[PDB]
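Take a look at this single chain, the form deposited in one PDB entry, given in structure tokens.
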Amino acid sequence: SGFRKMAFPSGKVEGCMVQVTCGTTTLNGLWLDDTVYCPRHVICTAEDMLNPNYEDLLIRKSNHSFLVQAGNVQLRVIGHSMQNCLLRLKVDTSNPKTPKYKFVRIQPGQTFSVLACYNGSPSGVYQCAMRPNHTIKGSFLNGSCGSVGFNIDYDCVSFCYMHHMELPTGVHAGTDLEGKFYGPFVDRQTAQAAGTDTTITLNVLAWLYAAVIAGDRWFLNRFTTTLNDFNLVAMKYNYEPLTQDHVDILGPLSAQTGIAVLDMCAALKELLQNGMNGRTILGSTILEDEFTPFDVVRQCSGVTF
């Protein structure tokens, strides 16, 4: 029934996006109830970015120092504490549109939707994956800082990521809605390239299962391999080690398609060694790894039995 890289409906998040200003610096903020979230680095200039001592810079500021706006209306800040690398700002009024939500820390390989904003204004939405090296191959052209990543299960919003800095390498880094970074990074203007990335095997597998369940299986073969034997190969081509844990997860998918995980695993091995024949899997000329087995299940198995 055709495939596509879907993202969650951003509506519930949009209603929380606000702008936060300090001096000449302005970025996005997350307004949930009476509290507002934004990168603690909003309180820094071209100066305070080389080697700031946030604790020192925060005492030097007041509630009055923060300009929080709701579209085109100011929200007054009446309190403020710093948690990790994020600022928690108290405001006189609460957000009516605050949805039901949770703050969860995401695992590399997992996926989410990002609502890229500029000046607290929803600009666009897209789905990506937390790269194995904790970065994200996103499009955060200058300004998106403070934007958030999230998942929507039912009517509950799970916030997992907030954009903080535009890495020198070109990819983007951030934290969880708790101020804790995703990766070996810090909100400093120091050079700090990204670690060695890898391909998400689990996701590459779920994808091949999707292609198959989508009536396309020219890559499936006769052979079958063992786990150690698959890694020996996959790890050659820069793929992430596949574990028993990963094979479990691909269980339900293994059912539906009648193909077993090690089998499908044998197929991939063949794709890595024998190239892709110039042929295509789901229109893609390459192997897509930004679809978790869960995502596939939510796109090739409708919304019912």
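All residue numbers are counted from 1 along the displayed sequence.
For the pair 219-227 and 203-211, the mean B factor over Cα atoms is greater in 219-227. Judged by mean Cα B factor in the deposited record, 255-263 ranks above the other of 28-36 and 255-263. For the set 159, 140, 185, 112, the PDB entry assigns the largest Cα B-factor to 140. Ranked against the other modelled residues of its chain, the C-alpha B-factor of residue 72 as given in the entry falls in the highest third.
When all modelled residues of the chain are sorted by CA temperature factor, residue 286 is found within the middle third. In the PDB entry, residue 174 places in the lowest third of its chain by CA B-factor. Sorting the modelled residues of the chain by their CA temperature factor places residue 107 in the lowest third. Residue 271 sits in the middle third of its chain by CA B factor, as recorded in the PDB entry.
The discussion below concerns the form solved in complex with a partner chain, not included here.
Though its partner chain is absent from this view, in the deposited bound form it lies within 4.5 Å of a heavy atom of just one residue from 271, 247, 27, 32, which is 27. With the partner omitted here, the residue from 199, 225, 144, 95 that has a non-hydrogen atom within 4.5 angstroms of its partner chain in the deposited bound form is 144.
The candidate spot formed by 220, 258 and 260 lies out of contact with its partner chain in the deposited bound form, as no residue has a heavy atom within 4.5 Å of it. Contact annotation: residue 81 falls outside 4.5 Å of its partner chain in the deposited bound form, judged by heavy atom distances. Contact between residue 191 and its partner chain in the deposited bound form is found at the 4.5 Å heavy atom cutoff. Shown alone here, residue 237 lies farther than 4.5 Å from its partner chain in the deposited bound form, counting heavy atoms only. In the deposited bound form, its partner chain lies within 4.5 Å of some heavy atom of residue 168.
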